[PDB]
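Using this note's numbering, read the sequence shown as starting at 106 and increasing by one per residue.
From the three backbone atoms N, C-alpha and C, an ideal C-beta is built for every residue, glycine too.
For reference, the structure is listed below as structure tokens.
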Amino acid sequence: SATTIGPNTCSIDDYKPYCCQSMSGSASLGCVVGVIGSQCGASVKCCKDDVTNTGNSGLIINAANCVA
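As structure tokens, this is what we get:
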């Protein structure tokens, strides 16, 4: 993917635009907060929050807090 990330794509159901760096061998998606202007090459997910702790360098989302 190469979608442009901003507080518009995922911000509806209290969501954040998460750039999940899901690669070869990733049970937990390393979803870094999409910076306005950045592009998501991997799995861009619209997740709520999950927990903004224990995962600052790429939020460790349990993949169960997003619409799609």
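Distance, residue j Cα to residue i Cα
i	j	result
residue 137	residue 118	18 Å
residue 110	residue 133	21 Å
residue 161	residue 135	10 Å
residue 147	residue 106	6 Å
residue 165	residue 113	22 Å
residue 122	residue 130	22 Å
Secondary structure of residue i, DSSP reduced to three states
i	result
residue 130	coil
residue 148	strand
residue 171	strand
Exposure label - residue i; buried when at least 16 CB within 10 Å
i	result
residue 141	exposed
residue 156	exposed
Bridge partner(s) assigned by DSSP for residue i
i	result
residue 166	134
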